[PDB]
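Let's start with one chain on its own, the form deposited in one PDB entry, as structure tokens.
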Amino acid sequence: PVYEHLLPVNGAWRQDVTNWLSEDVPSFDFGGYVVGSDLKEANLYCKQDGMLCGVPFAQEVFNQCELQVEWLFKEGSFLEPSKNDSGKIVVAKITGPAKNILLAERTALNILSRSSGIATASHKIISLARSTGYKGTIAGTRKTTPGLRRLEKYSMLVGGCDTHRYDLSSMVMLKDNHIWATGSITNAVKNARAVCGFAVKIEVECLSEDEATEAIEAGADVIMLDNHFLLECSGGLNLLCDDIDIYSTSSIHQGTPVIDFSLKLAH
């Protein structure tokens, strides 16, 4: 199994890459004009310790820029430019017209830095939860960067964490507002079930053992206790664990530090 196989050979994500490029060049690329098209070589460097993530995305950036890339590491690999010999690590060798390389650069690096950042912070928490004996799941949230949801969720998976529900059409998530609207948890679940059906799970945010039970018996698939079936707890970060099912946290993705990368031509 290879993570990049999650991405469809063709689909919207590739168009996203094209749009990211247009975002950087609205009219002309003056630098490309001065630099020209002589064939060049270049190395893509990792300058900080962390997991390598975002390969297929950066690869797509390089393909549309008509370059030849050779990846020295598999996506998911844990890089440690700990060696101060340089403090850097070549993760890919690139070849192509000078201008194409420089056009690609900033976009590919912006993808890798952030993708690697989410994967890394993801790995750290699942390695932490795992090191206590906990056998459950650590999930992310829907508090993703607008327009970048595909990439961030993907980065969560490579890091070893669950993604939780992708969107609002994905797994139903019921709360008080919904329960108050239908008059009861049981009613909220019945209506939710009537439209999502058997193929999609229903989750209910409960505030008491009585809340949960009613949900359980309405047929809810997941139960979130805050403040047959699975249980979830969510609210906080890298710090509560018990032999329960789900712990969600936006700390793995939202507002996380980045893993620094750089790209320089040979000579």
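For the two forms, the rigid core is made up of the largest set of C-alpha atoms that agree within 1.5 Å on superposition. Residue numbers here begin at 1 and follow the sequence given.
Deposited sequence between residue 68 and residue 69: no residues lack coordinates (chain continuous). A chain break between residue 239 and residue 240 is present, corresponding to 4 to 9 residues of the deposited sequence without coordinates. The stretch with the higher mean CA B factor, choosing between 170 to 178 and 113 to 121, is 170 to 178.
Here the stretch with the larger average CA B-factor, out of 228 to 236 and 49 to 57, is 228 to 236. When the C-alpha B factors of 184, 155, 145, 141 are read from the deposited coordinates, the top value falls at 184. Of the candidates 193, 165, 150, 74, the one whose C-alpha carries the top B factor in the deposited record is 74. Ranked by Cα temperature factor within the chain, residue 216 sits in the middle third according to the deposited record. Looking at the C-alpha B-factors along this chain, the one for residue 39 belongs to the lowest third. Sorting the modelled residues of the chain by their CA temperature factor places residue 93 in the middle third. Among the modelled residues of the chain, residue 64 sits in the middle third by CA temperature factor in this PDB entry.
When the modelled residues of the chain are ordered by their C-alpha B factor, residue 251 lands in the middle third.
Same protein, other form: the form deposited in another entry, not shown, and the subject of what follows.
Lining up the core between this form and the one not shown shows that one residue from 79, 172, 179, 111 moves its Cα 2 Å or more, and that residue is 179. Panel note: the distance between the CA atoms of residue 199 and residue 178 is larger in the other entry than in this form, the difference being 3 Å or more. Whereas the displayed form keeps them at a certain spacing, the CA atoms of residue 171 and residue 180 lie at least 3 angstroms closer in the other entry.
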